[PDB]
Amino acid sequence: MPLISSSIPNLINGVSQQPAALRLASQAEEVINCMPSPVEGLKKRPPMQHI
Amino acid sequence: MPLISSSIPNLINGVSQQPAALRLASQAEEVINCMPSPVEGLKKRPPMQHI
Amino acid sequence: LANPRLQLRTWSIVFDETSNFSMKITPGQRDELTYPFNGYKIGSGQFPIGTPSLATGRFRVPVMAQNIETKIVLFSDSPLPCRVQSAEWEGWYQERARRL
Amino acid sequence: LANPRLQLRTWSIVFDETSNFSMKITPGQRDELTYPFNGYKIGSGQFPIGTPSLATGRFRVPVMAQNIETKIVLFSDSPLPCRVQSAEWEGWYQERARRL
Amino acid sequence: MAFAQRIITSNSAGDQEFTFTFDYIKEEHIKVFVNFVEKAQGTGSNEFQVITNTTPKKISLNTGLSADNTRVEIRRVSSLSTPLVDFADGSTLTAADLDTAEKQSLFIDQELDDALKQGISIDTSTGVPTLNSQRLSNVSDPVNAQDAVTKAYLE
Amino acid sequence: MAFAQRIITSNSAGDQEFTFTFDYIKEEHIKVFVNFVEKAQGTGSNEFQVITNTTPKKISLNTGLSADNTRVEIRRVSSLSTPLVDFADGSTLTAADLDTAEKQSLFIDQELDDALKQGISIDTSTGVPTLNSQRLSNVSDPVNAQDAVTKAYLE
Amino acid sequence: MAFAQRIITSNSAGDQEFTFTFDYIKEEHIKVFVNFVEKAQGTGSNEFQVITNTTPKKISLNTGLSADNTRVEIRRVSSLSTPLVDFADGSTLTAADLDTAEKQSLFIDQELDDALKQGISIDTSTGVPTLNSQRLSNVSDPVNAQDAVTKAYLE
Amino acid sequence: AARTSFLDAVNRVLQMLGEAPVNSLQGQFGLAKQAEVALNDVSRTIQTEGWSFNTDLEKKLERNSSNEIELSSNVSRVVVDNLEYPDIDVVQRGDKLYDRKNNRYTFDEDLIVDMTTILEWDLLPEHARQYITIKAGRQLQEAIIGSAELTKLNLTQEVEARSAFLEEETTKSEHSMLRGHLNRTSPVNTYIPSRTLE
Amino acid sequence: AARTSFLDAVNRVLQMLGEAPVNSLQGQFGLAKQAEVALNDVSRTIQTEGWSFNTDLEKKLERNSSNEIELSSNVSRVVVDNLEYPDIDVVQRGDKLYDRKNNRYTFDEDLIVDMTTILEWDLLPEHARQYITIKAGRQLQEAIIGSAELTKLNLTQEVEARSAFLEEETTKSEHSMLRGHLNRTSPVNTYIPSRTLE
Amino acid sequence: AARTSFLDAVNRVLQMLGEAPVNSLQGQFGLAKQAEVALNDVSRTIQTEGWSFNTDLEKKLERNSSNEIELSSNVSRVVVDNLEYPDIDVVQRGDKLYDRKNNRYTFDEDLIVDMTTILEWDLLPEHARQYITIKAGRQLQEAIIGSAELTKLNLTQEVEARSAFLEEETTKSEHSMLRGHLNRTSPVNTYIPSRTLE
Amino acid sequence: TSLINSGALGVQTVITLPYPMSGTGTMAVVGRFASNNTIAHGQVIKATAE
């Protein structure tokens, strides 16, 4: 009876509406106010300035 | 003489008339009122409305 | 493969957001059996009394026959939604010799 | 795979240059838990008193539930930066039979 | 007081209204008996109707009685030969059906207990069976005098 | 009509087949009595068997009656001490269980009502439950003033 | 066997405790009778209380028996007037409620059968009604040609 | 907390098999038939050996009009003492006794025997119910699933259950060696050597 | 719960093989016929040994007109007493006896032999039925599939069943070592050496 | 720190299985109900043996108006004294005693028996509570997941708990071999050969 | 819709469909709106006289 582990290599794949059994493990569920980029991974969204 | 198992990955390959020894095991035998789609799998067909 | 003896033991289904469906398993020249499932899990409080139930989980049943003498039918007649993702069986595999 | 019992035990996050974030884990029909983290490691002199903290390291927290009845949410509301690289989970694994 | 029956000796001839107190489920379960004669439910060619507009509820006949001091019986009886509510698969459970099933079972038990009491009881003054001072008949002649003696045999 | 009990008088010796019409739940819920001689269910040396391949369903004794006009009784008694359903947590509630529980309750109530009617039942024209052409007996010799007179006492 | 009652002829004045074996759902469903007088339930001024700690359970009277050979009856009655469980929408159903309903129905049926048997049953020896060595009482003066006769009317 | 019921036994058997519990037994839409037949068969197998709770002593048997002894439907074994009846040797055959020595199916007089009956589920005691349940679950799982780990666990549980049931039986029925054949009325005092030396 | 019947035994064998139960036995459309054949074969194999319940002692055999001894179709073995018959020893051959010392098929007088009979399924007692069922199930499963681990499991169950059957037989028949060959009528008291000392 | 309560035991069982702790007991929406069922079943299994804390000695039993002996819903075992009742030996069957010697369900007088009762979770003492908790947790984990090494670890824990429980019982109750059967009042001083030598 | 024997227990409602029936088939009624309704969501009702 093994206790064994893995990992999620990337977090830059976004939101999906498919049932959980047909998705990739990479695809997320809900993403709000994030800016997923391949340079820095997942980061908070940039701010908005006033003019 | 071991109790060992496999799985059926998808159920969206429809109906075939070939003998059972030459089909892809995915393929079904009789399909009625189903709407096989790649975004949610097998489901009951959409209803029909009146105008 | 066609020659080795393959005897089915259990048939399992994986669904998501389904309400009701039934299965009709008929062995060779024997009585037909049914195994309904309607989502209402007694004891669990996720679905109160008076609201439709849409569940998520696995359902398992025994077949107990030979692979070349089975009919498995997934039947549903309720007006509530029913969708399935995949299924997986399990049984005995016998080889009278070794494979070249 | 959908049938074998995969029970989650711990959840880990790897970050970099992150000041603050939080985790909100909710098992099946039980109380919600929180696990805030804010960079300031007591005893370490890399961040003196009076300057913002931007750390680099791993974080671990137990989930203690089943895979099909969990909500794991990464939450943050501070005005300080937060960026995350990857995550890794660890759980218990069972197969009631052998695999074809 | 009996749960679900009421025997009325008419005060005078010509009346058509009689009141009752017990509750019920469907009006088809109310039976009206007069002079050991069963009367149908409905309107017109029928003999009586049920009026539930007022309180307490009362039953009305379509014709007055011929003479006074006439025996009129009203007693409830639930459906014995068929369950009132059947459960169908693939629907949403409702508390109303469960409440209806419980009500039917309770009412049937009440009615049967009332029948037994109106039949043979046990007096709480001595503990021996009592008959509440009524008349017995249709008793076969005692082949052995173990049976109660009939006046035909006596006289 | 008799809901769940059929009593017959055997016409001739040697007869073995008898019929019945009431519904049932399990084949073990049917009891057959032959003048106080209870008979056990089963096949073989078991002295009676049930047959269900013909409408109406019929039972068959395993030995013909010695003498004619021997009373034979068929009665259905559902479980009274053990419930037919016992809900356990973690199961999938299906309408079949609820229907079976309803049917068991209805059959128990029907059997109790039929037993009460088989007993001494109300004489509607008079009121005391009439024995209905039966010899009430097994009453001991009079002890007090109002006690009835038996055969062994009056003789 | 009697299902849910026990009748005791006392044997010594001054006794307080009597044992009972049957099951129950709530303590307020137990009734105690002393020499044909129903006894209220409670403590202190109330004359009896239930001890559910020792096996077999027993009922204790707050006052000793005045005279020996005084009959005491312990009998269980479930609530025949209201259901013990009420279903409301939005409530997570649990097996406890369903088991409570089933137990209530079964216990009511058992008590009803016990009362029917304790009354005038049918003697299976000859298939005839029997009083089981009792005294028929409270029968009015008979008139018709087939009633029973009474000691008062004969004397 | 009453004794174990048939439905609880069926639920335990299914749980040990590894499935989900089933609400009831009548009109089930699951494995209730398989669980029921397994439990009944194991109960019969356990009962047909003869223990202290299902054996009658010095019971009299009566012949029919043709001098023939017919047993009931649920009589498992019949024993006749050899010393008492020196000219007759009987063995059970189907539902009739057979005079083995004289090669006859007829007798000359009624007999005094001790028989073993097979009891229904309701009338069994608690330890018998426990042992029957565990053995039935083991047998059903071994016949149906046939895996390895489940078989090992069921083996361990069955061994423990058998030990407990045997211990309970022996301490309930106090078998002895000095008394000899139990058919003799107890002449023994079993005066203990451990108490009265003071 | 009556004694095991033919349909129950067939269903048990099929279930041990691991295939769905059958409804009846007449006009079926499955392996029930093969299960019946295996049951009959194992029954013959077990009964041909000669046990307590299928052996007739002191039986007298009659000859036909041509001075020969004929045996029925279901006779398995016969034994003659060497001490009682010094000049004639017989050995079974087919359905007739052979006087192997005199090399003749003919005798001069009727014999008193011990006879063992193969019985039908109806007359078999309970323990024999159980042993037959388990053995037939194991043999049929081996003949149909051809496992090894299943054979190990069925061997374990068969060993347990054989132990139970032997214990039942030796408790029923009450064999002894003092009495010698049983053809002599019992003169033994087996007076208890343990009890009667007080 | 008070004695273990029902909620604490349920939470401990769930924690040993590997799930998050539950908050309360009534109106929950998890496995707590299955844990309760397992706890009750294991409690019954443990208590059916008969220990010091749940055994009544010298207890008198009363018959009903039909000359029958009726037991309660939670009576597990009864033992009568053979030396006190020589012509009657009884065995429990369901809820009514059966006089297997006379083959009757009816007796003639009240009996003096030793009775064992199944107790509720409230009345159980501490060591029994701990042992029941551990054993029920192990059994439920096996029934739900089905591991082997987890079963090994739980077996180690169960062995330790059983040893502790047995030691507690044998220290509390003070069993002895000199006294013989305890139904006789203690005449033994158990005078010590250890100290009083000076 | 129209109703029969109003004001009492056990009232029946007569529904008039916009189109003629095909009596061979079987028609049902399902509760629609997810709030403030007499019939609960998803409750099915089968006819007693068609």
# chains A, B, ... in the order shown; residues from 1 in each chain; ligands from 1
call {"tool": "calpha_fit_and_write", "arguments": {"fixed": "chain D", "moving": "chain C", "output": "compact mmCIF listing (two decimals) with C-alpha atoms, in the first residue's frame"}}
result
# COMPACT_ATOMS: atom_id res chain seq x y z
CA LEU C 1 -7.76 6.94 -13.86
CA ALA C 2 -11.00 7.39 -11.93
CA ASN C 3 -11.64 4.17 -10.00
CA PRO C 4 -8.67 3.68 -7.61
CA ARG C 5 -8.95 5.35 -4.22
CA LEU C 6 -6.78 8.49 -4.03
CA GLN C 7 -6.65 10.18 -0.61
CA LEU C 8 -4.75 13.46 -0.47
CA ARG C 9 -2.23 13.92 2.34
CA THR C 10 -0.18 17.10 1.82
CA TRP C 11 -0.32 20.05 -0.56
CA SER C 12 2.86 22.04 -1.19
CA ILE C 13 3.53 25.25 -3.12
CA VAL C 14 6.74 26.68 -4.58
CA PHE C 15 6.99 30.47 -4.84
CA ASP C 16 9.67 33.09 -5.48
CA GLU C 17 9.74 36.81 -4.62
CA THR C 18 6.37 36.73 -2.86
CA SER C 19 5.20 38.61 0.22
CA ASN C 20 1.81 37.35 1.41
CA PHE C 21 -0.89 34.89 0.39
CA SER C 22 -3.32 32.51 2.07
CA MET C 23 -4.94 29.17 1.27
CA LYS C 24 -8.50 28.09 2.00
CA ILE C 25 -9.03 24.31 2.10
CA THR C 26 -12.59 23.02 2.53
CA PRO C 27 -13.26 19.28 2.88
CA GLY C 28 -16.63 17.70 2.19
CA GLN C 29 -19.37 19.25 4.35
CA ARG C 30 -16.98 20.36 7.09
CA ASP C 31 -15.47 23.56 8.43
CA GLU C 32 -13.30 25.74 6.20
CA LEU C 33 -9.68 26.19 7.27
CA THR C 34 -7.08 28.85 6.48
CA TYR C 35 -3.28 28.87 6.44
CA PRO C 36 -1.66 32.28 5.91
CA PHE C 37 1.98 33.02 5.14
CA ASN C 38 3.62 36.45 5.18
CA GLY C 39 7.31 35.77 4.58
CA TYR C 40 8.59 37.01 7.95
CA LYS C 41 10.55 34.03 9.25
CA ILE C 42 11.23 34.60 12.94
CA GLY C 43 14.91 34.28 13.81
CA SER C 44 16.27 34.82 10.30
CA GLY C 45 17.97 38.17 9.81
CA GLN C 46 17.56 38.55 6.04
CA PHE C 47 14.61 40.93 6.52
CA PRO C 48 15.17 43.57 9.24
CA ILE C 49 12.35 45.35 11.02
CA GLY C 50 10.84 48.07 8.86
CA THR C 51 11.28 46.71 5.34
CA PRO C 52 9.00 44.67 3.07
CA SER C 53 9.76 40.97 2.81
CA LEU C 54 9.98 38.99 -0.43
CA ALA C 55 10.86 35.36 0.21
CA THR C 56 11.72 32.18 -1.68
CA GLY C 57 10.91 28.68 -0.48
CA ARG C 58 8.30 25.98 -0.11
CA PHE C 59 5.09 25.93 1.93
CA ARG C 60 3.36 22.73 3.05
CA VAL C 61 -0.06 22.01 4.54
CA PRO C 62 -2.28 18.96 5.23
CA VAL C 63 -5.53 18.36 3.35
CA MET C 64 -6.82 15.07 4.81
CA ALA C 65 -9.80 14.26 2.59
CA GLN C 66 -10.74 12.43 -0.61
CA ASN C 67 -9.81 13.75 -4.04
CA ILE C 68 -13.40 14.03 -5.29
CA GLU C 69 -14.55 16.05 -2.26
CA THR C 70 -12.00 18.87 -1.95
CA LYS C 71 -11.90 22.54 -2.84
CA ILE C 72 -8.50 24.25 -2.74
CA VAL C 73 -8.42 28.02 -3.17
CA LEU C 74 -5.29 30.18 -3.35
CA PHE C 75 -6.36 33.53 -1.93
CA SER C 76 -4.53 36.85 -1.65
CA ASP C 77 -5.69 40.39 -0.91
CA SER C 78 -2.60 42.36 0.18
CA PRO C 79 -1.24 45.17 -2.01
CA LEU C 80 2.20 43.46 -2.01
CA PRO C 81 3.37 41.24 -4.89
CA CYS C 82 2.65 37.52 -5.05
CA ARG C 83 3.75 35.07 -7.74
CA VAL C 84 3.85 31.27 -7.85
CA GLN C 85 5.68 28.74 -10.01
CA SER C 86 4.30 25.24 -9.38
CA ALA C 87 2.71 22.99 -6.77
CA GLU C 88 2.92 19.32 -5.89
CA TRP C 89 0.65 17.10 -3.81
CA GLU C 90 1.14 13.74 -2.13
CA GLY C 91 -1.23 11.04 -1.00
CA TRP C 92 -2.21 7.40 -0.83
CA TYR C 93 -2.86 5.25 -3.91
CA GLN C 94 -4.81 2.00 -3.55
CA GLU C 95 -5.50 -0.63 -6.21
CA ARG C 96 -7.98 -3.41 -5.43
CA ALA C 97 -6.61 -5.49 -8.32
CA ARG C 98 -3.86 -5.47 -10.96
CA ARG C 99 -3.78 -3.55 -14.24
CA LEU C 100 -4.17 -5.42 -17.55
call {"tool": "calpha_fit_and_write", "arguments": {"fixed": "chain E", "moving": "chain G", "output": "short mmCIF file (atom, residue, chain, number, x, y, z; two decimals) with C-alpha atoms, in the first residue's frame"}}
result
data_model
loop_
_atom_site.label_atom_id
_atom_site.label_comp_id
_atom_site.auth_asym_id
_atom_site.auth_seq_id
_atom_site.Cartn_x
_atom_site.Cartn_y
_atom_site.Cartn_z
CA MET G 1 -63.62 8.65 22.73
CA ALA G 2 -64.65 7.27 19.35
CA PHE G 3 -61.85 8.12 16.95
CA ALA G 4 -63.42 8.32 13.49
CA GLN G 5 -67.17 7.64 13.71
CA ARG G 6 -70.37 9.27 14.93
CA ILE G 7 -73.74 7.59 15.44
CA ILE G 8 -76.82 9.83 15.50
CA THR G 9 -80.39 8.95 16.45
CA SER G 10 -82.40 11.45 14.41
CA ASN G 11 -84.95 13.68 16.09
CA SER G 12 -87.17 15.19 13.36
CA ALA G 13 -88.27 13.99 9.94
CA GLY G 14 -87.43 16.42 7.15
CA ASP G 15 -83.92 17.24 8.36
CA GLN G 16 -81.11 17.14 5.82
CA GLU G 17 -77.80 18.15 7.42
CA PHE G 18 -75.76 16.50 10.19
CA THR G 19 -72.39 17.63 11.51
CA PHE G 20 -69.22 15.58 11.94
CA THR G 21 -65.88 16.43 13.53
CA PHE G 22 -63.17 13.90 12.66
CA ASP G 23 -60.48 14.37 10.02
CA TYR G 24 -60.09 12.76 6.60
CA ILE G 25 -57.74 12.63 3.62
CA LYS G 26 -60.13 12.46 0.65
CA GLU G 27 -63.86 13.11 0.44
CA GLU G 28 -64.54 9.68 -1.06
CA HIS G 29 -63.41 8.14 2.25
CA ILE G 30 -66.65 9.17 4.00
CA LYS G 31 -69.52 6.70 4.28
CA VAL G 32 -73.11 7.47 5.31
CA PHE G 33 -75.58 4.86 6.55
CA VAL G 34 -79.35 5.35 6.70
CA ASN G 35 -81.42 2.85 8.77
CA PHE G 36 -78.92 0.03 8.09
CA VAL G 37 -78.60 0.91 4.38
CA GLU G 38 -75.28 2.15 3.03
CA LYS G 39 -75.64 5.33 0.99
CA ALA G 40 -73.70 6.03 -2.20
CA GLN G 41 -71.74 9.24 -2.74
CA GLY G 42 -72.27 11.82 -5.47
CA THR G 43 -74.87 14.42 -6.40
CA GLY G 44 -78.33 14.68 -7.90
CA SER G 45 -79.69 11.14 -7.92
CA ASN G 46 -77.05 10.27 -5.33
CA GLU G 47 -78.60 10.93 -1.96
CA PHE G 48 -75.87 12.86 -0.14
CA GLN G 49 -72.94 15.23 -0.58
CA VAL G 50 -70.25 16.69 1.68
CA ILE G 51 -70.00 20.38 2.62
CA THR G 52 -66.41 21.14 3.66
CA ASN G 53 -66.84 24.93 3.78
CA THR G 54 -68.47 25.55 7.19
CA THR G 55 -66.83 24.82 10.54
CA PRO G 56 -67.66 22.24 11.78
CA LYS G 57 -68.10 20.41 8.47
CA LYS G 58 -71.37 18.60 7.82
CA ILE G 59 -72.94 16.23 5.30
CA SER G 60 -76.11 17.19 3.44
CA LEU G 61 -78.70 14.74 2.11
CA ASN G 62 -80.47 15.52 -1.15
CA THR G 63 -83.73 14.04 0.20
CA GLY G 64 -85.27 14.81 3.57
CA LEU G 65 -85.71 12.15 6.22
CA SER G 66 -88.96 10.25 5.74
CA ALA G 67 -89.53 9.41 9.42
CA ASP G 68 -87.94 10.72 12.60
CA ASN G 69 -85.81 8.57 14.91
CA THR G 70 -83.95 7.06 11.95
CA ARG G 71 -80.35 6.20 12.77
CA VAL G 72 -77.63 7.85 10.68
CA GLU G 73 -73.97 6.85 10.96
CA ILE G 74 -70.98 8.79 9.63
CA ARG G 75 -67.75 6.80 9.68
CA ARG G 76 -64.41 7.24 7.94
CA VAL G 77 -62.68 4.37 6.15
CA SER G 78 -59.36 4.79 4.37
CA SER G 79 -58.43 2.72 1.34
CA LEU G 80 -57.57 -0.69 2.79
CA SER G 81 -56.97 -2.22 -0.66
CA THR G 82 -54.34 -0.01 -2.32
CA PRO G 83 -51.59 2.33 -1.10
CA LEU G 84 -52.37 6.00 -1.60
CA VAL G 85 -48.88 6.86 -2.91
CA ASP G 86 -46.71 5.00 -5.42
CA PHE G 87 -42.96 5.57 -5.66
CA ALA G 88 -41.24 5.53 -9.05
CA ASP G 89 -37.54 5.98 -9.72
CA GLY G 90 -36.47 9.29 -11.21
CA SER G 91 -39.03 11.25 -9.18
CA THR G 92 -37.85 13.91 -6.74
CA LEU G 93 -39.08 12.81 -3.31
CA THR G 94 -41.14 15.36 -1.39
CA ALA G 95 -42.51 15.44 2.14
CA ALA G 96 -46.11 15.36 0.87
CA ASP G 97 -45.88 11.71 -0.18
CA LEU G 98 -44.26 10.58 3.07
CA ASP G 99 -46.80 12.50 5.15
CA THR G 100 -49.62 10.97 3.12
CA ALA G 101 -48.30 7.46 3.77
CA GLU G 102 -47.92 8.15 7.50
CA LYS G 103 -51.42 9.62 7.74
CA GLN G 104 -52.90 6.63 5.92
CA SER G 105 -51.22 4.16 8.26
CA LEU G 106 -52.18 6.07 11.41
CA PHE G 107 -55.80 6.53 10.31
CA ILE G 108 -56.14 2.84 9.45
CA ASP G 109 -54.82 1.88 12.88
CA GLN G 110 -57.17 4.36 14.58
CA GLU G 111 -60.20 3.00 12.73
CA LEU G 112 -59.21 -0.57 13.57
CA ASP G 113 -58.93 0.31 17.27
CA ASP G 114 -62.31 2.04 17.10
CA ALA G 115 -63.93 -1.05 15.56
CA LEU G 116 -62.36 -3.30 18.20
CA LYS G 117 -63.65 -1.08 21.00
CA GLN G 118 -67.12 -0.78 19.45
CA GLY G 119 -67.30 -4.58 19.31
CA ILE G 120 -67.21 -6.78 22.42
CA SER G 121 -64.48 -5.16 24.52
CA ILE G 122 -63.26 -6.07 28.02
CA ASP G 123 -64.93 -4.40 31.00
CA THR G 124 -62.12 -2.92 33.09
CA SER G 125 -64.25 -3.00 36.27
CA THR G 126 -63.45 -6.69 36.84
CA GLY G 127 -61.26 -7.46 33.82
CA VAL G 128 -64.04 -9.42 32.11
CA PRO G 129 -65.59 -9.18 28.64
CA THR G 130 -68.70 -7.05 28.24
CA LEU G 131 -71.36 -6.60 25.56
CA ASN G 132 -72.09 -3.02 26.74
CA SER G 133 -75.83 -3.65 27.14
CA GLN G 134 -76.24 -5.29 23.72
CA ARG G 135 -78.02 -8.46 22.58
CA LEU G 136 -75.99 -11.42 21.36
CA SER G 137 -77.69 -12.68 18.21
CA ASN G 138 -77.41 -15.32 15.48
CA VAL G 139 -76.06 -18.16 17.63
CA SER G 140 -76.90 -21.60 16.28
CA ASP G 141 -78.47 -24.34 18.38
CA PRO G 142 -75.90 -25.31 21.04
CA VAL G 143 -74.82 -28.92 21.54
CA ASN G 144 -71.72 -29.31 23.73
CA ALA G 145 -71.65 -29.09 27.54
CA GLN G 146 -70.21 -25.55 27.79
CA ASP G 147 -71.98 -23.43 25.17
CA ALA G 148 -74.36 -20.62 26.00
CA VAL G 149 -78.12 -21.16 25.98
CA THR G 150 -80.58 -19.45 23.67
CA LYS G 151 -84.18 -18.35 24.14
CA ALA G 152 -85.18 -20.48 21.15
CA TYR G 153 -83.48 -23.59 22.54
CA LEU G 154 -84.94 -22.99 26.01
CA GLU G 155 -88.47 -22.31 24.75
#
call {"tool": "residues_around", "arguments": {"residues": "segment 12-28 of chain K", "least_positions_apart": "2", "cutoff": "12 Å", "atoms": "only C-alpha atoms", "output": "compact mmCIF listing (two decimals) with C-alpha atoms, in the first residue's frame"}}
result
# COMPACT_ATOMS: atom_id res chain seq x y z
CA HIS B 50 -42.73 23.34 -30.09
CA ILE B 51 -43.44 26.57 -31.95
CA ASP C 77 -35.96 7.05 -19.00
CA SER C 78 -36.29 9.86 -16.45
CA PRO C 79 -36.69 13.48 -17.61
CA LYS E 26 -60.25 12.36 0.56
CA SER E 91 -38.02 12.17 -9.49
CA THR K 1 -56.08 25.25 -16.60
CA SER K 2 -59.33 24.63 -14.76
CA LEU K 3 -60.08 22.90 -11.47
CA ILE K 4 -62.80 20.54 -10.24
CA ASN K 5 -64.42 20.33 -6.79
CA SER K 6 -62.63 23.39 -5.45
CA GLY K 7 -62.35 24.25 -1.77
CA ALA K 8 -62.02 20.67 -0.51
CA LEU K 9 -59.26 18.14 0.00
CA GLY K 10 -58.32 16.15 -3.08
CA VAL K 30 -42.47 18.72 -14.26
CA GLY K 31 -42.06 21.65 -11.89
CA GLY K 42 -37.96 18.76 -10.74
CA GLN K 43 -41.05 17.10 -9.27
CA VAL K 44 -42.76 14.82 -11.80
CA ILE K 45 -46.50 14.13 -11.91
CA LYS K 46 -48.27 11.53 -14.05
CA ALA K 47 -51.88 11.81 -15.17
CA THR K 48 -54.82 9.86 -13.76
CA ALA K 49 -57.25 10.36 -16.67
CA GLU K 50 -56.16 11.30 -20.19
call {"tool": "select_by_dssp", "arguments": {"residues": "chain G", "states": "strand (DSSP E)", "output": "number ranges by chain"}}
result
G: 5-9, 17-19, 30-34, 37-39, 48-51, 58-61, 71-76, 122-123, 128-129
call {"tool": "closest_atom_pairs", "arguments": {"of": "chain B", "to": "segment 16-29 of chain A", "cutoff": "9 Å", "atoms": "only C-alpha atoms", "output": "Markdown table"}}
result
| residue | atom | partner | partner_atom | distance |
| --- | --- | --- | --- | --- |
| B:38 | CA | A:22 | CA | 8.8 |
| B:39 | CA | A:18 | CA | 5.9 |
| B:40 | CA | A:18 | CA | 6.0 |
| B:41 | CA | A:22 | CA | 8.2 |
call {"tool": "write_last_selection", "arguments": {"atoms": "N, CA, C and O atoms", "output": "PDB file, in the first residue's frame"}}
result
ATOM      1  N   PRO B  38     -17.125  15.576 -27.519  1.00  0.00           N
ATOM      2  CA  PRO B  38     -15.812  15.521 -26.866  1.00  0.00           C
ATOM      3  C   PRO B  38     -15.657  16.489 -25.709  1.00  0.00           C
ATOM      4  O   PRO B  38     -14.627  16.441 -25.023  1.00  0.00           O
ATOM      5  N   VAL B  39     -16.636  17.359 -25.464  1.00  0.00           N
ATOM      6  CA  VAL B  39     -16.514  18.327 -24.381  1.00  0.00           C
ATOM      7  C   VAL B  39     -17.163  17.845 -23.087  1.00  0.00           C
ATOM      8  O   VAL B  39     -16.795  18.323 -22.006  1.00  0.00           O
ATOM      9  N   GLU B  40     -18.109  16.910 -23.158  1.00  0.00           N
ATOM     10  CA  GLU B  40     -18.691  16.342 -21.951  1.00  0.00           C
ATOM     11  C   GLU B  40     -18.975  14.849 -22.033  1.00  0.00           C
ATOM     12  O   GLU B  40     -19.594  14.310 -21.112  1.00  0.00           O
ATOM     13  N   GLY B  41     -18.551  14.168 -23.087  1.00  0.00           N
ATOM     14  CA  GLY B  41     -18.684  12.722 -23.155  1.00  0.00           C
ATOM     15  C   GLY B  41     -20.035  12.310 -23.701  1.00  0.00           C
ATOM     16  O   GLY B  41     -20.523  12.893 -24.667  1.00  0.00           O
TER      17      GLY B  41
END
call {"tool": "interface_residues", "arguments": {"of": "chain H", "to": "chain I", "cutoff": "6 Å", "atoms": "only C-alpha atoms", "output": "PyMOL selection string"}}
result
chain H and resi 73-74+91+93-94+100-101+143+178
call {"tool": "closest_residue", "arguments": {"among": "I:7, I:118, I:176, I:22", "to": "chain C", "atoms": "only C-alpha atoms"}}
result
I:22
call {"tool": "select_by_dssp", "arguments": {"residues": "segment 21-173 of chain J", "states": "alpha helix (DSSP H)", "output": "JSON, numbers by chain"}}
result
{"J": [32, 33, 34, 35, 36, 37, 38, 39, 40, 41, 42, 43, 44, 45, 46, 47, 126, 127, 128, 129, 130, 131, 132, 133, 134, 135, 136, 137, 138, 139, 140, 141, 142, 143, 144, 149, 150, 151, 152, 153, 154, 155, 156, 157, 158, 159, 160, 161, 162, 163, 164, 165, 166, 167, 168, 169, 170, 171, 172, 173]}
call {"tool": "atom_distance", "arguments": {"atom1": "atom CA of residue 50 of chain H", "atom2": "atom CA of residue 116 of chain H"}}
result
6.0 Å
